[PDB]
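The block underneath contains the structure these notes are about, expressed in structure tokens.
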Amino acid sequence: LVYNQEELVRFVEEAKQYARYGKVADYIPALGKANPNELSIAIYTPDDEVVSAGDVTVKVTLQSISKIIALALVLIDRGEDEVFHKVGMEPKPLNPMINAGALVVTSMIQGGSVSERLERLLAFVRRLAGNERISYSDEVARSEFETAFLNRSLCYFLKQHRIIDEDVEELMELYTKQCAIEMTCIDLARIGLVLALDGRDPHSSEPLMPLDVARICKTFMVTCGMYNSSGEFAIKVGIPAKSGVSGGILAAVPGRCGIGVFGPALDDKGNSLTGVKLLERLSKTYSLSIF
Amino acid sequence: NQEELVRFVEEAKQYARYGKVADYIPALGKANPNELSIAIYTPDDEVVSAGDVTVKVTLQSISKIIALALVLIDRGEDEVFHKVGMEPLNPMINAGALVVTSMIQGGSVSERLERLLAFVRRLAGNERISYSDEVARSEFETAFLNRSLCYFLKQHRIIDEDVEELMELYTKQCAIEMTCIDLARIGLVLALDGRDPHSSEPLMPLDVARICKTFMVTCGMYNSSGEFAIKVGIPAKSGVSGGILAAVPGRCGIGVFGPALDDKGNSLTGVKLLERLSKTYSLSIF
Amino acid sequence: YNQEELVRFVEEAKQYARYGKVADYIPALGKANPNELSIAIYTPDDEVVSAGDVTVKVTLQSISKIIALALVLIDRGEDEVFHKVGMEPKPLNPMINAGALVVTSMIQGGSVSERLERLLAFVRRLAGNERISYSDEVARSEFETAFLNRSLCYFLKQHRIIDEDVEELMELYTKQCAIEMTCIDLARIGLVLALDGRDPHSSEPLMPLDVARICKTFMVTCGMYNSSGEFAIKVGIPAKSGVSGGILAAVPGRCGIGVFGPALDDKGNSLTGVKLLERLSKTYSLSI
Amino acid sequence: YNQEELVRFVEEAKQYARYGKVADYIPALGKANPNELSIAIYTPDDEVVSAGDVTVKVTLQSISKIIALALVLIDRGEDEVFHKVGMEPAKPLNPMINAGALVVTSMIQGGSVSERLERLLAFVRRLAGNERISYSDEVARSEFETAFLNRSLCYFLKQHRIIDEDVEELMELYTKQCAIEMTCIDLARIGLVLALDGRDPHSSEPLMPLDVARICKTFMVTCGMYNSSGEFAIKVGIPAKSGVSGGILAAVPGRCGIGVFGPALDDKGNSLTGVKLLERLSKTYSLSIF
């Protein structure tokens, strides 16, 4: 069973019929301008080929998908012992997939200023995605940063309990820019493929991250990667995936494929409605479930 | 490999001194922290085993997985997940499990218990399985927090059962006892998506086996499921009697009992063993 | 306090009955009349004035928590009571259901009937009426339906705050809450509190002063379930309510008041009863 | 109330100082002397008696009563209790907890921060009968630098659309309110205005409405001593409000205003020396309203 492009196109057309029932994120003004009728998917396989369908030219922000990359970069630089003293393993320290825990992970990114810390993250993202031209959306970063009262509430909370000791406005500058990193579904799928090959570049078999770090990321993508519905996603789809409210889903099917999906129309629970239907269809038809 | 497994058990037994048996249920405080048994059941319908394999141990929370399977079979996915949640009230925590137990069909405790035993007997391929009366009684005599939870569920209209009848069933359900060999065969049915490894009969639908294995990854290991996924990486379910039921999809059922628990309520000795086995045979599903 | 002025106040407050509703969650309580309202005011010269439906006997419900706390404070002492429950608006205070259950479990005696008799003896002395007993029908209705209270009891047992048979505790607790009397008897209890524990007829001490003060403090910080702050602003006196529609009030050095008005507001206190007390407080300047 | 007795009550209460500890989480308050204790008692004949260390102290949480009364006058009761709770236990529970207190301070009227502060200061000067009252710049600054929890509350309140102000601007006003400082004599004078239902003891004119004075005293019984208001009611029995600088403001209805400062706090963050002194005084003069 290889992934037939024409087959992908058909799944995309079916899933797009759900766009009417979803709604784009509108609490961040710049995301409210997204098209709920867009849907794109890429699947990257270990032969280092990719198949894709739908609106694949559209660059979309990672949003909470970036929490998985920042976790992986922190784990590399600091090691598992230190990271898991600051954040938790459980869906006691804060989970790194929830906003409060992600901010602690972001405050741990190495570098002497916002731009150097961001550059360390962008360089890492560019390597995983096999695309040196990846950057962030300045409009979306600015729209997040003007409007982010609850993330500021959590930064101050974290400061008060002495979990972090950074300047909140500088931590928020880094975090909103991390969330505003943008790419196509093709780039996102390749990041998933690296995770699926336990950290190895699919082109050069270079370890982009340690096997232990790839594994750690995948565990969190099963136990708590889909917002407040990971348990339902495990039952109905059954692959490691991380979602964000711009409509992205990054998935890593161990040893098999990276998948990247962008469908801006979200369900009532903040996950891509069009994207999850597409992945439900794909998982069933290709027997992707790890369970 | 049979001889290797004996060696792994010996190695994992060294950790017994660092754990302690559950003592909050008096019958369970009588367990020997030095015992450890394991069986591994493969799809060829063969089993290998090591350690204290004749010792029958109670399921405790492992029984929560079986009861969920049974109620999913009898009521369907739709009605079940209108009563309990899918998210790590969840059917693996005591409050959700008591709801699942209250859904078991039958006109009396006896009939409802027999439905669950008949189902366990089929999964285990052993018609001789029953429960420990001593353990059931020790549980029933002092289960204040579970009785608190039953009244909580009544108060809020989540169940309308008599609390004493529900507690009779629940304690008996938790007291179902078997050896590590029977427990691995149950893991094997799950690993094979509901299929009987001898006859290929579906003992449960594929969707039900999948659903069970998902809870076993997200919240099967008490309060340390995320750490177990990192350190071992297989669908497993534990209980405070020291059992760990694991189902490695398409590969083997594993049954461990090691009464010496860690500070987080999971078999310390049996953990260490599954960490060795998982490394040695590349069991992680991640 | 003029009788006929009291009658006019009661008829004004009865206009509110339509906006309230009786408690039906204890089934026998749903049988009460939302239109009834009775008040008695008892004064230090040992006289009482009343108005409205003064012959109806009504259960204390949560008002009985104050009586039980007084008894237990006398019998066990302050130090032991506040080692087991707190003093703040281990149970927070003796007014919330979890602390009340702990207080009730501290009543001494070998039997439920003996523990209860000690409660009734005390209430009969407070009220100056020896015929006070409990409503068997209301006690049963509560006992058959009291799921949350049993949940609390098993939680208290788990954490070794109580070690009593839960059915025995709940038999005692439901009977305590089902103790019934007229507004006149209730007002007399209020006056005993207002006079710092002294009997108004014979002037001898039915409870120590320190015990009367303690009850009156909980009657300000947490005596109207969910609305003690609002009540302090709109009425301004120590009072305790229950879901049968009772309000017991004790205006320090001035009067005791008992009101029964079964039509409750959304917060579970007598709607007709609080409106009546708001008018009374304004007229007689009762606020502490 | 005789003066020499007061002096002996102060000497008695001071022996507890060794069992208390000054608030050192606002570093500036860490500099206070745990052996200080002062008390003033103001009576409706407009006379005052005092003992111990008459010396200026920041009001801290005591200012929340003063802010509540100012906003109640300015916006009315049914805007105020639209926004904040009235109850001991996203709308904040009451105006005495930090979150409700920030909503209160956000409702103070004025264009500038300094305009808002000037209205509050003018009000406090009227109440205390002392136009020399200002705030401690050192304490305001030490607060403003380390106030992480209150900023976290401000952002949560903004997210849920309870407040609108810029957080730094609200924080500037709030920390300066909390840094208003005065002696126990000024404080007792405030407590007497409350006790006389809002009347000035000298002139007899209303400084605040009776309804506002009564609302203030109710929160001072139900939740004025932070986490020990029920204990305080049993052991002392009067409307009081405390703050972490060691202050206690009390108003005994119809009878006296009391102001205490004792920087050595018990483990609930109320003045340890202050509360012992007030227990002795309540017993001696039968002050309890219960």
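Since chain C takes its numbers from Swiss-Prot, the residues it shows come out as 4-92, 109-307.
We read in the header that X-ray crystallography, 2.1 Å was used to get this structure.
Quick reminder: no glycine exception, Cβ is built from N, Cα and C everywhere.
From the candidate list C:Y45, C:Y153, C:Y192, the residue Swiss-Prot records in the substrate site shared with C:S65, C:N116, C:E161, C:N168, C:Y244, C:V262 is C:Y192. Among the residues the record lists as binding substrate, namely C:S65, C:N116, C:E161, C:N168, C:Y192, C:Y244, C:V262, the two farthest apart have Cα atoms separated by 18 Å.
Neighbour counts were taken as the number of other C-beta atoms within 10 angstroms of each residue's C-beta; across the binding-site residues C:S65, C:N116, C:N168, the minimum falls on C:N116.
Shown are the binding-site residues C:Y192, C:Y244; the one with the most C-beta atoms within 10 angstroms of its own C-beta is C:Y192. Contact with chain B, taken as any Cβ pair under 8 Å, is found for none of the binding-site residues C:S65, C:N116, C:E161, C:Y192, C:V262. C:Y192 (substrate binding site) carries a helical DSSP state (H, G or I). The chain break between C:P92 and C:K109 spans 16 missing residues, with the CA atoms of the two ends lying 13 Å apart. Annotation for C:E161 (substrate binding site): same-chain Cβ neighbours under 8 Å, separated by at least 6 residues, are C:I29, C:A31, C:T193, C:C196, C:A197.
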